[PDB]
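In the block that follows, a single chain appears as structure tokens, in the form deposited in one PDB entry.
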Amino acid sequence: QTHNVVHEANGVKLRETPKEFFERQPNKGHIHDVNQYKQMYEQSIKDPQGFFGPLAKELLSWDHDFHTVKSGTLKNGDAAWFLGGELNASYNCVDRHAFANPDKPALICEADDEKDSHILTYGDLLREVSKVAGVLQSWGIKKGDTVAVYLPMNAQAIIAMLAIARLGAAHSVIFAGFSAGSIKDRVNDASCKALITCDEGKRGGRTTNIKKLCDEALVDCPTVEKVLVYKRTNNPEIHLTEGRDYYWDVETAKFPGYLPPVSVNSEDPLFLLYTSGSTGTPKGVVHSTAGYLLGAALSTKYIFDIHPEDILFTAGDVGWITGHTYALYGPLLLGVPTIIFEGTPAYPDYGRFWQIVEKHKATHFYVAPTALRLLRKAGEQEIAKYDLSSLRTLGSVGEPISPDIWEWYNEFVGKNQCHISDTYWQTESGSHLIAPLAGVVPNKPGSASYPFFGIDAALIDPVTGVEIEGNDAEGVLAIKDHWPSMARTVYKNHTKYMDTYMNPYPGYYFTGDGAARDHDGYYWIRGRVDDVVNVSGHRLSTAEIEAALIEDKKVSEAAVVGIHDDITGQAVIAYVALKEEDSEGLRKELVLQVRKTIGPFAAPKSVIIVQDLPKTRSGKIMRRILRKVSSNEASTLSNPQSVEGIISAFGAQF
């Protein structure tokens, strides 16, 4: 007790799981007592073979059984799960459920306008996936090909990824916010032979350009042989390059309503998803087929307490890992309907999220902390109008949750009845690492609680590189052994995959996050230790933004850091130095330069112009100074007078 190192633990008492939730369970809970979970967790770490074997056979339908549950080491980067097994993601997500209950809802597609909303049953999802998959096969997509997807968060993207996996190909979903240059690089890296996109998207009542950005990047993408285009708005003046572009509706009507699924090996690539790390250009994270689906199945069934009668709503976009796991695979593997929203929580009214939960009587809701802050400041009153009584579990993902936000979440939406589960994980983790299991774990506000099955959490001292033992401790967060849903490599570049995750601390998986552990065992996440800032959930490497600013001929050097913006969580500020008029206009010109190389979400909130940057004698720009200058101004540098200049221009600009 009386924590000294973990200051956040002090003054925090366990918020017991509300009693109303256990009554709203449609069936007996998967786990009875919290002591039962600790016994399950202890087995997954000590005996991984005896723990995950049965669960894999229970939750996955195998075309061919595996001979070995776990192989490989973190140090050697040769991890593998369920070796010898053969299965298919589209059979487990669609086919098997469509045979039992064809008319059961599968995709509840809620569009930007509710007039364009519709529901697809599992029988319908099987027919549409088979048809789309039939088109890609006639085009020549085979096992081992990568197929790119540039679609908004609607049912069409869900259908696309399943049809690609159905053939044994790997899908690479590119976020619709990205620019043309970001599509160019990502496609060329994967050597995609096909692209699935739409004519244009509609979000918040505005018509976003989609196909036009694809045509721009595709002139520099020679691997793409053919492109599939969906008529989301049916705009007549949308050009389609002959021989390359073909129409979704026209081609799918040519092929039958059932296509045989292609068996893939357990360690065969399921998908690629590009993320930006502290150093280097965005890398292509690869996930295996079997170990990923299992991880998604476990975390969904047990942490969220998902039963066959439940309905899940996950707000995240499929362009990021959250939509991948807990808007598609997780729910569909368990045979429950998932809610896919193509709009924003503000259009038409700020209660749009809550109409959907009322309309479809959703039982589980998954949201990012950046959206809860937006709703509180803007549309807090609308919540009471809608029912929201069907919700049993409220989740949080992507950003640190504040105790202030946690209490607002519990009563304003859950009415002190729902269970709150702060789910900490990563794109590379595939599934949840640390989260409160609903009905089991009493959550401490702000803490992600205990680690999940198969995750052996530990802290490491950053300087000495030793594992810290005990409680009331702080350090770098790392995992001792690999787990089923762990990412297996970076596409065509395993060396950077080792240099990033396995080599910083050999024998450990490097998460890039600082954490603390209290005496109760609950884990507190303190943010990323490398040069990555979480801006509205999007991870952004400072180096990617800095390289975009330097593309302008005038920019001699640039440096970007992050600070706490209330709405966005973190915002990147740009301190740029020019070589040798209209200073305010050039600042805006740099903002679109970042918006052109990367996308609109990378644009800095402000750009401060200084002649000299705070540098050490060797040359390293003192990012610690620029960080504090943004907030509070209170070591050895080259010129200290330059610091007064940076403070002068910061107030002048921001």
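Just so we're on the same page, rigid core means the largest C-alpha set that superposes within 1.5 Å between forms. Start at 1 and count along the sequence shown; that's the residue number.
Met622, modelled here, also has coordinates in every other compared entry of this protein that models residues flanking it, well short of the third needed to call it frequently missing.
Of the other entries compared for this protein that flank it with modelled residues, all give atoms for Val69, so not even a third lack it. Unmodelled residues of the deposited sequence between neighbouring positions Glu580 and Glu581 number 4 to 9. The mean Cα B-factor in the deposited entry runs higher for 356-364 than for the other of 356-364 and 244-252. If you average the C-alpha B-factors over 462-470 and over 169-177, the higher value belongs to 462-470. Residues shown: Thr68, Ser44, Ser61, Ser606. Highest C-alpha temperature factor in the entry: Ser606.
Comparing C-alpha B-factors across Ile567, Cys109, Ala478, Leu259 in the deposited entry, the largest value falls on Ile567. Per the PDB record, residue ranking by Cα B-factor puts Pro403 in the highest third of the chain. Sort the chain's modelled residues by C-alpha temperature factor and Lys596 lands in the middle third, per the entry. Among all modelled residues in its chain, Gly84 ranks in the lowest third by Cα B-factor. In this PDB entry, the Cα temperature factor of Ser485 sits in the bottom third of its chain's modelled residues, the lowest group. Residue-level temperature factors show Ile625 in the highest third of its chain, judged at the C-alpha atom.
A second form of this protein, the form deposited in another entry, is not displayed here; the remarks below concern that form.
The residue that stands out in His30, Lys57, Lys38, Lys615 is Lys615, the single one whose Cα moves by 2 angstroms or more between this form and the one not shown on a rigid core fit. Core-superposed comparison between this form and the one not shown: the C-alpha position of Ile625 differs by no less than 2 Å. In the core-superposed comparison between this form and the one not shown, the C-alpha atom of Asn10 has shifted by less than 2 angstroms.
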